[PDB]
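Presented as structure tokens, the chain that follows is alone, the form deposited in one PDB entry.
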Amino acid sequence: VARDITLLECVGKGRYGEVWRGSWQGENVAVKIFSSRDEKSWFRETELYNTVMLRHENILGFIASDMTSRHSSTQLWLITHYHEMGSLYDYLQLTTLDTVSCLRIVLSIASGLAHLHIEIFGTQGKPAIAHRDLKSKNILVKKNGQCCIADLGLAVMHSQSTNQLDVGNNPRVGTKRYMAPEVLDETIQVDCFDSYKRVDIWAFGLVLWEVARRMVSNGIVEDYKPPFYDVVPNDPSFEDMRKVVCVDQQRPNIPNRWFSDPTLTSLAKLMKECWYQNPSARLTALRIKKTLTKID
């Protein structure tokens, strides 16, 4: 498998490791080689993809986990399907969206997140899963215009039957820019699974905003920005995010022009219902999915 793939191009490098476009059996694949600082993320994703068999059209397509020893150290590989169009974060800067394309993006993210959050029953049914690092760089754009959620390294699992919560054991913390207020002020009830779903909805509202801005209406579109681009610096600190999200209770501004498009208006209301400081007032993934499905 791993000693079977031709690494062709590094498409990503960072504290997590590196991502490569590889050839495998005459087809493109994505190959993540994890950094040593991030081994636990590899164990977690291997668990979710292999043991839990996490699979959905809006979840990055798993192919294989592997380990390879070279140079007196062992590399941890995650091989998945390859998406030429890359991350939603990159995609959103290369094009504007029309209504159909916008809804397709946000509905597909919502369908992947709903798949994560909803437990499947029966003898080996998927636990409920909270993602905990949802963001546009963690979403790939597929050729058919739908998206898929990637990076399960921080996933948390719950099973109602046993009421067992599996928070894993990963020193990695989520992307500060997308952290819910109850994460930033350290009130989040870490032994309650719902807490982690609600954190996901907060980040989902922020992704929603990111995409909505790129939908054209009345020949108007907003430039691509990351959430809180205007009030925090690149690579924001905890205190940067706390002052904005908690101290000043700020949320991303709704452009006035959105109220001129029935789709953007529905989405504006949707994302604001993801941003309540009170975590339990936020919409659920399924409710978001259902609402996005009634829009046109």
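In this text, rigid core is short for the largest set of C-alphas that superpose within 1.5 Å between two forms. Each residue number is its position in the shown sequence, starting from 1.
Is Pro181 unresolved, in the sense of carrying no coordinates, in at least a third of the other compared entries? No.
When the other structures of this protein are compared, and only where the residues around it are present, is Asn169 absent from a third or more of them? Yes: coordinates for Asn169 absent from at least a third of the compared entries.
Comparing average C-alpha B factors as deposited, tell me which of 284-292 and 5-13 sits higher. Comparing 284-292 with 5-13, the higher average CA B-factor belongs to 5-13.
Higher-scoring stretch by recorded Cα B factor average, 214-222 or 198-206: Between 198-206 and 214-222, it is 214-222 that shows the higher mean C-alpha B-factor.
Considering only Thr96, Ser87, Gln124, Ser111, which residue's Cα atom bears the greatest B-factor as recorded? So the option with the highest C-alpha B-factor is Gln124.
Given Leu116, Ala180, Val190, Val156, identify the residue with the highest C-alpha B factor in the PDB entry. Spelled out: the listed residue with the top C-alpha B-factor is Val190.
Ranking the modelled residues of this chain by C-alpha B-factor as given in the entry, is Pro236 in the lowest, middle or highest third? For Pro236, the deposited C-alpha B-factor lands in the middle third.
Compared with the other modelled residues in the chain, in which third is the CA B-factor of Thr74? CA B-factor rank for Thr74: middle third.
Can you work out whether the C-alpha temperature factor of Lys137 puts it in the lowest, middle or highest third of the chain? Tercile = lowest for this residue's CA B-factor.
Among the modelled residues of this chain, does the Cα B factor of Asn144 put it in the lowest, middle or highest third? Highest third - that is where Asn144 ends up once the chain's C-alpha B-factors are sorted.
Determine, from the deposited record, the chain-internal third of the Cα B-factor for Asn253: lowest, middle or highest. Tercile = lowest for this residue's CA B-factor.
Keep in mind that the form deposited in another entry is not shown, yet the notes after this line are about it.
Go through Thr265, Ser237, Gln249, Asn50 and flag the only one whose CA is off by 2 Å or more between this form and the one not shown, rigid core held fixed. So the residue whose C-alpha moves 2 Å or more is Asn50.
2 Å or more on the CA of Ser72 between this form and the one not shown, with the rigid core superposed, yes or no? Indeed, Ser72 is displaced by 2 Å or more.
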